[PDB]
>>> print(open('run15.pdb').read())   # PDB, C-alpha atoms
ATOM      1  CA  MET A   1    -131.017  39.530 126.628  1.00  0.00           C
ATOM      2  CA  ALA A   2    -132.192  38.183 123.273  1.00  0.00           C
ATOM      3  CA  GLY A   3    -134.653  35.930 125.120  1.00  0.00           C
ATOM      4  CA  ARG A   4    -135.021  32.356 126.358  1.00  0.00           C
ATOM      5  CA  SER A   5    -137.822  29.800 126.076  1.00  0.00           C
ATOM      6  CA  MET A   6    -139.186  28.123 129.195  1.00  0.00           C
ATOM      7  CA  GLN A   7    -142.205  26.892 131.173  1.00  0.00           C
ATOM      8  CA  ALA A   8    -144.826  28.867 133.083  1.00  0.00           C
ATOM      9  CA  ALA A   9    -145.572  28.150 136.745  1.00  0.00           C
ATOM     10  CA  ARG A  10    -148.081  29.015 139.476  1.00  0.00           C
ATOM     11  CA  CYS A  11    -147.661  32.064 141.702  1.00  0.00           C
ATOM     12  CA  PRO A  12    -146.138  30.982 145.061  1.00  0.00           C
ATOM     13  CA  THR A  13    -147.322  33.731 147.425  1.00  0.00           C
ATOM     14  CA  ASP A  14    -150.337  36.036 147.494  1.00  0.00           C
ATOM     15  CA  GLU A  15    -148.247  39.159 148.125  1.00  0.00           C
ATOM     16  CA  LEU A  16    -146.297  38.470 144.931  1.00  0.00           C
ATOM     17  CA  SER A  17    -149.613  38.236 143.079  1.00  0.00           C
ATOM     18  CA  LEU A  18    -150.710  41.575 144.545  1.00  0.00           C
ATOM     19  CA  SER A  19    -147.455  43.226 143.432  1.00  0.00           C
ATOM     20  CA  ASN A  20    -148.195  42.705 139.707  1.00  0.00           C
ATOM     21  CA  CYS A  21    -144.643  41.328 139.457  1.00  0.00           C
ATOM     22  CA  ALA A  22    -143.984  38.022 137.726  1.00  0.00           C
ATOM     23  CA  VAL A  23    -142.342  35.653 140.209  1.00  0.00           C
ATOM     24  CA  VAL A  24    -138.934  34.349 139.119  1.00  0.00           C
ATOM     25  CA  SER A  25    -136.208  32.208 140.629  1.00  0.00           C
ATOM     26  CA  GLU A  26    -133.051  33.851 141.943  1.00  0.00           C
ATOM     27  CA  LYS A  27    -130.938  31.915 139.414  1.00  0.00           C
ATOM     28  CA  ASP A  28    -132.893  33.223 136.387  1.00  0.00           C
ATOM     29  CA  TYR A  29    -133.410  36.978 136.862  1.00  0.00           C
ATOM     30  CA  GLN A  30    -133.253  39.653 139.567  1.00  0.00           C
ATOM     31  CA  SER A  31    -135.747  41.821 141.412  1.00  0.00           C
ATOM     32  CA  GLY A  32    -136.469  45.137 139.721  1.00  0.00           C
ATOM     33  CA  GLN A  33    -135.854  43.745 136.225  1.00  0.00           C
ATOM     34  CA  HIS A  34    -138.424  44.403 133.505  1.00  0.00           C
ATOM     35  CA  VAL A  35    -138.871  41.608 130.961  1.00  0.00           C
ATOM     36  CA  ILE A  36    -141.100  40.872 127.977  1.00  0.00           C
ATOM     37  CA  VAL A  37    -143.046  37.600 127.873  1.00  0.00           C
ATOM     38  CA  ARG A  38    -143.951  36.308 124.411  1.00  0.00           C
ATOM     39  CA  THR A  39    -146.517  33.570 123.827  1.00  0.00           C
ATOM     40  CA  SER A  40    -146.702  34.161 120.047  1.00  0.00           C
ATOM     41  CA  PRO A  41    -145.505  36.677 117.419  1.00  0.00           C
ATOM     42  CA  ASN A  42    -148.455  38.896 118.449  1.00  0.00           C
ATOM     43  CA  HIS A  43    -148.840  38.099 122.174  1.00  0.00           C
ATOM     44  CA  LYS A  44    -146.302  40.251 124.035  1.00  0.00           C
ATOM     45  CA  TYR A  45    -146.647  41.484 127.615  1.00  0.00           C
ATOM     46  CA  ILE A  46    -144.068  43.371 129.684  1.00  0.00           C
ATOM     47  CA  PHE A  47    -143.825  42.505 133.386  1.00  0.00           C
ATOM     48  CA  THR A  48    -141.578  43.298 136.342  1.00  0.00           C
ATOM     49  CA  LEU A  49    -139.682  40.315 137.738  1.00  0.00           C
ATOM     50  CA  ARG A  50    -139.564  39.697 141.494  1.00  0.00           C
ATOM     51  CA  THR A  51    -137.251  37.053 142.941  1.00  0.00           C
ATOM     52  CA  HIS A  52    -138.696  34.269 145.103  1.00  0.00           C
ATOM     53  CA  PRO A  53    -136.628  31.202 146.103  1.00  0.00           C
ATOM     54  CA  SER A  54    -139.545  28.796 145.619  1.00  0.00           C
ATOM     55  CA  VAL A  55    -139.725  29.399 141.859  1.00  0.00           C
ATOM     56  CA  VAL A  56    -137.885  26.674 139.953  1.00  0.00           C
ATOM     57  CA  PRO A  57    -135.108  27.887 137.611  1.00  0.00           C
ATOM     58  CA  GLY A  58    -136.111  28.190 133.981  1.00  0.00           C
ATOM     59  CA  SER A  59    -139.724  29.090 134.761  1.00  0.00           C
ATOM     60  CA  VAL A  60    -141.759  32.139 135.777  1.00  0.00           C
ATOM     61  CA  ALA A  61    -144.721  31.815 138.137  1.00  0.00           C
ATOM     62  CA  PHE A  62    -147.667  34.039 137.194  1.00  0.00           C
ATOM     63  CA  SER A  63    -150.686  34.724 139.385  1.00  0.00           C
ATOM     64  CA  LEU A  64    -154.245  34.104 138.204  1.00  0.00           C
ATOM     65  CA  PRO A  65    -154.848  37.767 137.207  1.00  0.00           C
ATOM     66  CA  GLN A  66    -151.598  37.960 135.232  1.00  0.00           C
ATOM     67  CA  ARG A  67    -152.215  34.602 133.552  1.00  0.00           C
ATOM     68  CA  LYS A  68    -155.766  35.610 132.631  1.00  0.00           C
ATOM     69  CA  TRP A  69    -154.619  38.961 131.233  1.00  0.00           C
ATOM     70  CA  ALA A  70    -151.794  37.437 129.176  1.00  0.00           C
ATOM     71  CA  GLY A  71    -153.753  34.261 128.417  1.00  0.00           C
ATOM     72  CA  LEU A  72    -151.067  32.159 130.100  1.00  0.00           C
ATOM     73  CA  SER A  73    -151.734  28.554 131.100  1.00  0.00           C
ATOM     74  CA  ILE A  74    -149.613  26.797 133.708  1.00  0.00           C
ATOM     75  CA  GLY A  75    -147.002  24.533 132.140  1.00  0.00           C
ATOM     76  CA  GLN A  76    -147.101  26.194 128.714  1.00  0.00           C
ATOM     77  CA  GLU A  77    -144.101  27.358 126.696  1.00  0.00           C
ATOM     78  CA  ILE A  78    -143.266  31.072 126.737  1.00  0.00           C
ATOM     79  CA  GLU A  79    -140.227  33.183 125.885  1.00  0.00           C
ATOM     80  CA  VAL A  80    -138.848  35.766 128.316  1.00  0.00           C
ATOM     81  CA  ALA A  81    -136.424  38.466 127.171  1.00  0.00           C
ATOM     82  CA  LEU A  82    -134.830  41.227 129.226  1.00  0.00           C
ATOM     83  CA  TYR A  83    -136.673  44.487 128.537  1.00  0.00           C
ATOM     84  CA  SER A  84    -135.105  47.935 128.914  1.00  0.00           C
ATOM     85  CA  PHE A  85    -137.838  50.540 129.344  1.00  0.00           C
ATOM     86  CA  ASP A  86    -137.344  53.789 127.411  1.00  0.00           C
ATOM     87  CA  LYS A  87    -137.509  55.797 130.622  1.00  0.00           C
ATOM     88  CA  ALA A  88    -136.953  59.088 128.783  1.00  0.00           C
ATOM     89  CA  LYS A  89    -140.427  58.748 127.233  1.00  0.00           C
ATOM     90  CA  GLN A  90    -142.143  55.602 128.542  1.00  0.00           C
ATOM     91  CA  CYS A  91    -142.133  56.831 132.148  1.00  0.00           C
ATOM     92  CA  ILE A  92    -145.828  57.140 133.172  1.00  0.00           C
ATOM     93  CA  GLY A  93    -146.629  60.566 134.649  1.00  0.00           C
ATOM     94  CA  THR A  94    -150.399  60.117 134.585  1.00  0.00           C
ATOM     95  CA  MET A  95    -152.373  56.875 134.017  1.00  0.00           C
ATOM     96  CA  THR A  96    -156.141  56.101 134.157  1.00  0.00           C
ATOM     97  CA  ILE A  97    -157.273  52.938 135.954  1.00  0.00           C
ATOM     98  CA  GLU A  98    -160.779  51.466 136.067  1.00  0.00           C
ATOM     99  CA  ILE A  99    -161.205  49.863 139.500  1.00  0.00           C
ATOM    100  CA  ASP A 100    -163.869  47.394 140.604  1.00  0.00           C
ATOM    101  CA  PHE A 101    -164.293  45.015 143.521  1.00  0.00           C
ATOM    102  CA  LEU A 102    -162.297  41.917 142.602  1.00  0.00           C
ATOM    103  CA  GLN A 103    -164.706  39.635 144.497  1.00  0.00           C
ATOM    104  CA  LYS A 104    -168.315  40.786 144.376  1.00  0.00           C
TER
ATOM    105  CA  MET B   1    -134.923  35.296 169.915  1.00  0.00           C
ATOM    106  CA  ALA B   2    -133.314  34.048 166.704  1.00  0.00           C
ATOM    107  CA  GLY B   3    -136.594  32.339 165.779  1.00  0.00           C
ATOM    108  CA  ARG B   4    -137.925  28.791 166.116  1.00  0.00           C
ATOM    109  CA  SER B   5    -140.225  26.838 163.818  1.00  0.00           C
ATOM    110  CA  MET B   6    -143.424  25.313 165.184  1.00  0.00           C
ATOM    111  CA  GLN B   7    -147.007  24.379 164.304  1.00  0.00           C
ATOM    112  CA  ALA B   8    -150.206  26.265 165.081  1.00  0.00           C
ATOM    113  CA  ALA B   9    -153.055  24.959 167.232  1.00  0.00           C
ATOM    114  CA  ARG B  10    -156.544  25.786 168.505  1.00  0.00           C
ATOM    115  CA  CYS B  11    -157.228  28.129 171.409  1.00  0.00           C
ATOM    116  CA  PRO B  12    -158.052  25.982 174.487  1.00  0.00           C
ATOM    117  CA  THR B  13    -160.309  28.292 176.506  1.00  0.00           C
ATOM    118  CA  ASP B  14    -162.871  30.934 175.596  1.00  0.00           C
ATOM    119  CA  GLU B  15    -161.291  33.344 178.089  1.00  0.00           C
ATOM    120  CA  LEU B  16    -157.922  33.006 176.348  1.00  0.00           C
ATOM    121  CA  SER B  17    -159.598  33.741 173.009  1.00  0.00           C
ATOM    122  CA  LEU B  18    -161.233  36.840 174.499  1.00  0.00           C
ATOM    123  CA  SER B  19    -157.896  37.996 175.932  1.00  0.00           C
ATOM    124  CA  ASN B  20    -156.639  38.037 172.315  1.00  0.00           C
ATOM    125  CA  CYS B  21    -153.198  36.590 173.045  1.00  0.00           C
ATOM    126  CA  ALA B  22    -151.446  33.665 171.384  1.00  0.00           C
ATOM    127  CA  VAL B  23    -151.915  30.765 173.791  1.00  0.00           C
ATOM    128  CA  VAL B  24    -148.552  29.124 174.499  1.00  0.00           C
ATOM    129  CA  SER B  25    -147.039  26.804 177.109  1.00  0.00           C
ATOM    130  CA  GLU B  26    -145.046  27.806 180.168  1.00  0.00           C
ATOM    131  CA  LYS B  27    -142.174  25.650 178.896  1.00  0.00           C
ATOM    132  CA  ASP B  28    -142.159  27.450 175.539  1.00  0.00           C
ATOM    133  CA  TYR B  29    -142.423  31.014 176.870  1.00  0.00           C
ATOM    134  CA  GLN B  30    -143.739  33.065 179.798  1.00  0.00           C
ATOM    135  CA  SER B  31    -146.952  35.011 180.290  1.00  0.00           C
ATOM    136  CA  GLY B  32    -146.888  38.569 178.979  1.00  0.00           C
ATOM    137  CA  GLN B  33    -144.226  37.940 176.335  1.00  0.00           C
ATOM    138  CA  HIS B  34    -144.547  39.214 172.769  1.00  0.00           C
ATOM    139  CA  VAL B  35    -143.858  37.422 169.477  1.00  0.00           C
ATOM    140  CA  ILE B  36    -143.813  37.907 165.717  1.00  0.00           C
ATOM    141  CA  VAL B  37    -144.796  34.981 163.486  1.00  0.00           C
ATOM    142  CA  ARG B  38    -143.584  34.468 159.916  1.00  0.00           C
ATOM    143  CA  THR B  39    -145.584  32.440 157.397  1.00  0.00           C
ATOM    144  CA  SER B  40    -143.758  33.548 154.218  1.00  0.00           C
ATOM    145  CA  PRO B  41    -140.918  35.880 153.143  1.00  0.00           C
ATOM    146  CA  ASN B  42    -143.265  38.893 153.357  1.00  0.00           C
ATOM    147  CA  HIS B  43    -145.994  37.491 155.660  1.00  0.00           C
ATOM    148  CA  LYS B  44    -145.354  38.612 159.248  1.00  0.00           C
ATOM    149  CA  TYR B  45    -147.975  39.002 161.975  1.00  0.00           C
ATOM    150  CA  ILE B  46    -147.532  40.267 165.531  1.00  0.00           C
ATOM    151  CA  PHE B  47    -149.012  38.449 168.535  1.00  0.00           C
ATOM    152  CA  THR B  48    -149.071  38.658 172.326  1.00  0.00           C
ATOM    153  CA  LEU B  49    -148.323  35.554 174.383  1.00  0.00           C
ATOM    154  CA  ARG B  50    -150.314  34.035 177.239  1.00  0.00           C
ATOM    155  CA  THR B  51    -149.132  30.840 178.914  1.00  0.00           C
ATOM    156  CA  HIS B  52    -151.520  27.945 179.526  1.00  0.00           C
ATOM    157  CA  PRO B  53    -150.416  24.483 180.741  1.00  0.00           C
ATOM    158  CA  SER B  54    -152.641  22.710 178.203  1.00  0.00           C
ATOM    159  CA  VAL B  55    -150.439  23.935 175.343  1.00  0.00           C
ATOM    160  CA  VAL B  56    -148.126  21.168 174.141  1.00  0.00           C
ATOM    161  CA  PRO B  57    -144.426  22.152 173.986  1.00  0.00           C
ATOM    162  CA  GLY B  58    -143.283  23.510 170.642  1.00  0.00           C
ATOM    163  CA  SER B  59    -146.815  24.528 169.625  1.00  0.00           C
ATOM    164  CA  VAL B  60    -148.827  27.740 169.952  1.00  0.00           C
ATOM    165  CA  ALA B  61    -152.631  27.848 170.031  1.00  0.00           C
ATOM    166  CA  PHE B  62    -154.285  30.768 168.228  1.00  0.00           C
ATOM    167  CA  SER B  63    -157.963  31.658 168.384  1.00  0.00           C
ATOM    168  CA  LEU B  64    -160.238  31.525 165.351  1.00  0.00           C
ATOM    169  CA  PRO B  65    -160.383  35.344 164.985  1.00  0.00           C
ATOM    170  CA  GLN B  66    -156.588  35.537 165.249  1.00  0.00           C
ATOM    171  CA  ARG B  67    -156.099  32.698 162.761  1.00  0.00           C
ATOM    172  CA  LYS B  68    -158.437  34.388 160.281  1.00  0.00           C
ATOM    173  CA  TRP B  69    -156.655  37.711 160.861  1.00  0.00           C
ATOM    174  CA  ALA B  70    -153.158  36.343 160.200  1.00  0.00           C
ATOM    175  CA  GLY B  71    -154.215  33.714 157.656  1.00  0.00           C
ATOM    176  CA  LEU B  72    -153.107  30.918 159.988  1.00  0.00           C
ATOM    177  CA  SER B  73    -154.484  27.376 159.868  1.00  0.00           C
ATOM    178  CA  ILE B  74    -154.335  24.416 162.237  1.00  0.00           C
ATOM    179  CA  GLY B  75    -151.664  22.083 160.883  1.00  0.00           C
ATOM    180  CA  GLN B  76    -149.300  24.637 159.298  1.00  0.00           C
ATOM    181  CA  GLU B  77    -145.608  25.113 160.070  1.00  0.00           C
ATOM    182  CA  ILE B  78    -144.608  28.720 160.793  1.00  0.00           C
ATOM    183  CA  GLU B  79    -141.729  30.541 162.477  1.00  0.00           C
ATOM    184  CA  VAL B  80    -142.019  32.413 165.788  1.00  0.00           C
ATOM    185  CA  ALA B  81    -139.512  34.930 167.159  1.00  0.00           C
ATOM    186  CA  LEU B  82    -139.687  36.887 170.404  1.00  0.00           C
ATOM    187  CA  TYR B  83    -140.165  40.614 169.798  1.00  0.00           C
ATOM    188  CA  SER B  84    -139.313  43.459 172.182  1.00  0.00           C
ATOM    189  CA  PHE B  85    -141.470  46.578 172.058  1.00  0.00           C
ATOM    190  CA  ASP B  86    -139.734  49.946 171.710  1.00  0.00           C
ATOM    191  CA  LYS B  87    -141.612  51.641 174.540  1.00  0.00           C
ATOM    192  CA  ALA B  88    -139.935  54.962 173.708  1.00  0.00           C
ATOM    193  CA  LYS B  89    -142.097  55.191 170.566  1.00  0.00           C
ATOM    194  CA  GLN B  90    -144.381  52.137 170.238  1.00  0.00           C
ATOM    195  CA  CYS B  91    -146.689  52.899 173.179  1.00  0.00           C
ATOM    196  CA  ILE B  92    -150.336  53.322 172.152  1.00  0.00           C
ATOM    197  CA  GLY B  93    -152.225  56.310 173.534  1.00  0.00           C
ATOM    198  CA  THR B  94    -155.392  56.299 171.426  1.00  0.00           C
ATOM    199  CA  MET B  95    -156.797  53.461 169.314  1.00  0.00           C
ATOM    200  CA  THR B  96    -159.804  53.775 167.007  1.00  0.00           C
ATOM    201  CA  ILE B  97    -161.842  50.552 166.970  1.00  0.00           C
ATOM    202  CA  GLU B  98    -164.778  49.807 164.693  1.00  0.00           C
ATOM    203  CA  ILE B  99    -167.151  47.620 166.715  1.00  0.00           C
ATOM    204  CA  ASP B 100    -169.899  45.394 165.316  1.00  0.00           C
ATOM    205  CA  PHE B 101    -172.113  42.625 166.645  1.00  0.00           C
ATOM    206  CA  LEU B 102    -169.914  39.530 166.453  1.00  0.00           C
ATOM    207  CA  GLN B 103    -172.976  37.301 165.990  1.00  0.00           C
ATOM    208  CA  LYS B 104    -175.972  38.846 164.242  1.00  0.00           C
TER
END
>>> encode(input="run15.pdb", output="structure tokens")
Amino acid sequence: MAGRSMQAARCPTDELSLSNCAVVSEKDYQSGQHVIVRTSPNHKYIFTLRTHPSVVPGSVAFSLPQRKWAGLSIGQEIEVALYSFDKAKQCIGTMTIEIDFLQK
Amino acid sequence: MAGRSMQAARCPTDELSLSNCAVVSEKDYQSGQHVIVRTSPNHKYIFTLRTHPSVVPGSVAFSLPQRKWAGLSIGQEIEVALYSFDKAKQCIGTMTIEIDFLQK
């Protein structure tokens, strides 16, 4: 709840990368859980955790897009804390997304 | 039925590749049978079987187009399970195919 420090990993499967869900071990978190990843007092990013057996306990595997967005490097220290979304207001009704071809 | 692990292989004959059916051995299965192949927890691809004596037992030979379609490589361990079509609903009546020159 309050958070725990641990090591980043590499995304096991491509489908997990496509889901925009940080890959976690089954002993650490559960699927459908939203958490906040902190790399510094002003580097916070909220992800959705998806369980995959391959992920080692005490580590979250992030895909290349997620790592690039959050500036995460494999093997680095990061804190993960359970995040409870304020659904009453933070629920997204409409969102704008700029889309491009990922590979040119 | 319950699923057996095995390793992929290369399609022996050009005619088998054209027939677009996973090339297997008569010991492993029988001609006309149908399979589903798992490569990951969420990676499943459906194939049709065709028996050829050249296939070594415990191995299935897939053509290059099929391997590129299902993301299968030669030298990878994957699971195969016999699948039964639900003819009451799964019969195909009309299929839209986009056709291009295979070799320019």
>>> closest_residue(input="run15.pdb", among="B:27, B:101, B:75, B:40", to="residue 55 of chain B", atoms="only C-alpha atoms")
B:27
>>> residues_near_point(input="run15.pdb", point="(-139.7, 34.4, 143.9)", cutoff="12 Å", atoms="all atoms listed in the file", output="PDB file with C-alpha atoms, in the coordinates of the input")
ATOM      1  CA  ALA A   9    -145.572  28.150 136.745  1.00  0.00           C
ATOM      2  CA  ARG A  10    -148.081  29.015 139.476  1.00  0.00           C
ATOM      3  CA  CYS A  11    -147.661  32.064 141.702  1.00  0.00           C
ATOM      4  CA  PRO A  12    -146.138  30.982 145.061  1.00  0.00           C
ATOM      5  CA  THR A  13    -147.322  33.731 147.425  1.00  0.00           C
ATOM      6  CA  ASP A  14    -150.337  36.036 147.494  1.00  0.00           C
ATOM      7  CA  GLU A  15    -148.247  39.159 148.125  1.00  0.00           C
ATOM      8  CA  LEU A  16    -146.297  38.470 144.931  1.00  0.00           C
ATOM      9  CA  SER A  17    -149.613  38.236 143.079  1.00  0.00           C
ATOM     10  CA  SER A  19    -147.455  43.226 143.432  1.00  0.00           C
ATOM     11  CA  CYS A  21    -144.643  41.328 139.457  1.00  0.00           C
ATOM     12  CA  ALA A  22    -143.984  38.022 137.726  1.00  0.00           C
ATOM     13  CA  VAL A  23    -142.342  35.653 140.209  1.00  0.00           C
ATOM     14  CA  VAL A  24    -138.934  34.349 139.119  1.00  0.00           C
ATOM     15  CA  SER A  25    -136.208  32.208 140.629  1.00  0.00           C
ATOM     16  CA  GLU A  26    -133.051  33.851 141.943  1.00  0.00           C
ATOM     17  CA  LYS A  27    -130.938  31.915 139.414  1.00  0.00           C
ATOM     18  CA  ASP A  28    -132.893  33.223 136.387  1.00  0.00           C
ATOM     19  CA  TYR A  29    -133.410  36.978 136.862  1.00  0.00           C
ATOM     20  CA  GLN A  30    -133.253  39.653 139.567  1.00  0.00           C
ATOM     21  CA  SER A  31    -135.747  41.821 141.412  1.00  0.00           C
ATOM     22  CA  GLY A  32    -136.469  45.137 139.721  1.00  0.00           C
ATOM     23  CA  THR A  48    -141.578  43.298 136.342  1.00  0.00           C
ATOM     24  CA  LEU A  49    -139.682  40.315 137.738  1.00  0.00           C
ATOM     25  CA  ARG A  50    -139.564  39.697 141.494  1.00  0.00           C
ATOM     26  CA  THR A  51    -137.251  37.053 142.941  1.00  0.00           C
ATOM     27  CA  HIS A  52    -138.696  34.269 145.103  1.00  0.00           C
ATOM     28  CA  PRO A  53    -136.628  31.202 146.103  1.00  0.00           C
ATOM     29  CA  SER A  54    -139.545  28.796 145.619  1.00  0.00           C
ATOM     30  CA  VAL A  55    -139.725  29.399 141.859  1.00  0.00           C
ATOM     31  CA  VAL A  56    -137.885  26.674 139.953  1.00  0.00           C
ATOM     32  CA  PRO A  57    -135.108  27.887 137.611  1.00  0.00           C
ATOM     33  CA  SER A  59    -139.724  29.090 134.761  1.00  0.00           C
ATOM     34  CA  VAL A  60    -141.759  32.139 135.777  1.00  0.00           C
ATOM     35  CA  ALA A  61    -144.721  31.815 138.137  1.00  0.00           C
ATOM     36  CA  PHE A  62    -147.667  34.039 137.194  1.00  0.00           C
ATOM     37  CA  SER A  63    -150.686  34.724 139.385  1.00  0.00           C
TER      38      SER A  63
ATOM     39  CA  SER B  40    -143.758  33.548 154.218  1.00  0.00           C
ATOM     40  CA  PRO B  41    -140.918  35.880 153.143  1.00  0.00           C
ATOM     41  CA  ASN B  42    -143.265  38.893 153.357  1.00  0.00           C
TER      42      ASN B  42
END
>>> residues_around(input="run15.pdb", residues="residue 69 of chain A", least_positions_apart="5", cutoff="12 Å", atoms="all atoms listed in the file", output="ChimeraX atom specification")
/A:20,43-47,62-64
>>> atom_distance(input="run15.pdb", atom1="atom CA of residue 37 of chain B", atom2="atom CA of residue 87 of chain B")
20.2 Å
>>> residues_around(input="run15.pdb", residues="residue 80 of chain A", least_positions_apart="5", cutoff="8 Å", atoms="only C-alpha atoms", output="VMD selection string")
chain A and resid 3 to 6 35 to 38
>>> write_last_selection(input="run15.pdb", atoms="C-alpha atoms", output="PDB file, in the frame of the given file")
ATOM      1  CA  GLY A   3    -134.653  35.930 125.120  1.00  0.00           C
ATOM      2  CA  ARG A   4    -135.021  32.356 126.358  1.00  0.00           C
ATOM      3  CA  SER A   5    -137.822  29.800 126.076  1.00  0.00           C
ATOM      4  CA  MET A   6    -139.186  28.123 129.195  1.00  0.00           C
ATOM      5  CA  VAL A  35    -138.871  41.608 130.961  1.00  0.00           C
ATOM      6  CA  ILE A  36    -141.100  40.872 127.977  1.00  0.00           C
ATOM      7  CA  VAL A  37    -143.046  37.600 127.873  1.00  0.00           C
ATOM      8  CA  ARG A  38    -143.951  36.308 124.411  1.00  0.00           C
TER       9      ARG A  38
END
>>> closest_residue(input="run15.pdb", among="B:99, B:7, B:83, B:71", to="chain A", atoms="only C-alpha atoms")
B:71
>>> atom_distance(input="run15.pdb", atom1="atom CA of residue 78 of chain A", atom2="atom CA of residue 34 of chain A")
15.7 Å
>>> atom_distance(input="run15.pdb", atom1="atom CA of residue 74 of chain A", atom2="atom CA of residue 58 of chain A")
13.6 Å
>>> resolve_selection(input="run15.pdb", expression="the PyMOL selection byres ((chain A and resi 1) around 7)", output="count of residues only")
4
>>> axis_aligned_box(input="run15.pdb", around="segment 64-75 of chain A", padding_each_side="3 Å", output="JSON")
{"center_x": -151.4, "center_y": 31.7, "center_z": 133.3, "size_x": 14.8, "size_y": 20.4, "size_z": 15.8}
>>> decode(input="run15.pdb", residues="segment 41-56 of chain B", atoms="N, CA, C and O atoms", output="compact mmCIF listing (two decimals), in the first residue's frame")
# COMPACT_ATOMS: atom_id res chain seq x y z
N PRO B 41 1.09 -17.62 -23.07
CA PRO B 41 -0.22 -17.68 -22.40
C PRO B 41 -1.35 -17.11 -23.24
O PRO B 41 -2.49 -17.57 -23.10
N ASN B 42 -1.08 -16.13 -24.09
CA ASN B 42 -2.10 -15.49 -24.91
C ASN B 42 -1.80 -15.59 -26.40
O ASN B 42 -2.43 -14.90 -27.21
N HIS B 43 -0.85 -16.44 -26.79
CA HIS B 43 -0.47 -16.62 -28.19
C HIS B 43 -0.95 -18.00 -28.64
O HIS B 43 -0.30 -19.02 -28.37
N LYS B 44 -2.09 -18.03 -29.33
CA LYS B 44 -2.66 -19.25 -29.88
C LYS B 44 -2.92 -19.05 -31.37
O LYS B 44 -3.42 -18.00 -31.79
N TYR B 45 -2.57 -20.06 -32.17
CA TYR B 45 -2.78 -20.00 -33.61
C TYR B 45 -3.32 -21.34 -34.09
O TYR B 45 -2.89 -22.40 -33.64
N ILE B 46 -4.26 -21.28 -35.03
CA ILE B 46 -5.02 -22.45 -35.46
C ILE B 46 -4.47 -22.95 -36.79
O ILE B 46 -4.21 -22.16 -37.70
N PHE B 47 -4.28 -24.27 -36.89
CA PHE B 47 -3.66 -24.88 -38.06
C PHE B 47 -4.43 -26.13 -38.47
O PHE B 47 -5.12 -26.76 -37.65
N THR B 48 -4.29 -26.49 -39.74
CA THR B 48 -4.84 -27.72 -40.29
C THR B 48 -3.71 -28.70 -40.56
O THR B 48 -2.64 -28.31 -41.06
N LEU B 49 -3.93 -29.97 -40.24
CA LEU B 49 -2.90 -30.98 -40.34
C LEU B 49 -2.92 -31.67 -41.70
O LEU B 49 -3.97 -31.81 -42.34
N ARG B 50 -1.74 -32.10 -42.14
CA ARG B 50 -1.58 -32.94 -43.32
C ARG B 50 -0.40 -33.86 -43.07
O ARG B 50 0.70 -33.39 -42.79
N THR B 51 -0.63 -35.17 -43.15
CA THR B 51 0.39 -36.14 -42.79
C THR B 51 1.35 -36.38 -43.95
O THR B 51 0.93 -36.52 -45.11
N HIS B 52 2.64 -36.43 -43.64
CA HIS B 52 3.68 -36.74 -44.60
C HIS B 52 4.68 -37.65 -43.90
O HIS B 52 5.09 -37.35 -42.76
N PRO B 53 5.10 -38.76 -44.52
CA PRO B 53 6.04 -39.66 -43.84
C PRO B 53 7.34 -39.00 -43.43
O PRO B 53 7.93 -39.38 -42.41
N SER B 54 7.82 -38.01 -44.20
CA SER B 54 9.11 -37.40 -43.91
C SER B 54 9.15 -36.77 -42.53
O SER B 54 10.23 -36.67 -41.93
N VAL B 55 8.00 -36.34 -42.01
CA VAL B 55 7.98 -35.67 -40.72
C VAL B 55 8.46 -36.62 -39.63
O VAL B 55 7.99 -37.76 -39.52
N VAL B 56 9.41 -36.15 -38.83
CA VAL B 56 9.92 -36.96 -37.72
C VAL B 56 8.89 -36.99 -36.60
O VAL B 56 8.19 -35.99 -36.39
